[PDB]
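# Close look at the chain arrangement
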Amino acid sequence: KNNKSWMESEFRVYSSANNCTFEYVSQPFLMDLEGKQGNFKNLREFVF
Amino acid sequence: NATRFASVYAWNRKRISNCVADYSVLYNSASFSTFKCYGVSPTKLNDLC
């Protein structure tokens, strides 16, 4: 309701975490989840 | 620089990953009481890892 930003709030994927061997934080990116209409306006291509 | 450690059987292990440690001030500065090395010189830990 206040300051949307569409940021992640709760993490429901995994309940607990332990024995962490690695952690990293990448560069800040911009994401807007607001609903849109029409053809797909963006393309994201990742190779891991 | 920690204020209080744990017991000798309770010893805590600090996990250091994706970091850079300066070993020159830990040894060449001679700010501690004593140190002893095994298999590697204290001055060789800068170029080795």
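Residues numbered from 1 in each chain as written, not as in the entry; some residues may be left out. Chains lettered and ligands numbered in written order. Part of a larger assembly, values for the part shown. Heavy atoms only, no water.

Per the deposition metadata, cryo-EM was the technique used to determine this entry, at a resolution of 3.5 Å.

## Some remarks on the overall build of chain A
Counting secondary structure elements, chain A contains zero helices and zero strands. On the principal axes, the C-alpha backbone points of chain A span a range of 45 × 35 × 20 Å. The burial tally for chain A puts 0% of its 48 residues in the buried class. When the accessible surface of chain A is split by element, carbon and sulfur atoms take 52% of a total near 6300 Å². (Helix = DSSP H or I, 4+ residues; strand = E, 2+ residues; numbered from the N terminus. Buried < 20%, exposed > 50% of the residue type's maximum accessible area, 1.4 Å probe, protein only. Areas by Shrake-Rupley, 256 points an atom, 1.4 Å probe, with all protein chains shown as cover.)

## Here we look at the pattern of salt bridges
Residue and element names in this part refer to chain A. The tally for this structure, following the rule as stated, stands at one salt bridge over all chains. In this structure, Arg12 engages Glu10 in a salt bridge whose closest nitrogen and oxygen atoms are separated by 2.6 Å. The class for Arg12 is exposed, based on a relative accessible area of 69%. (Salt bridge = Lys/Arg side-chain N within 4 Å of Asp/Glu carboxyl O.)

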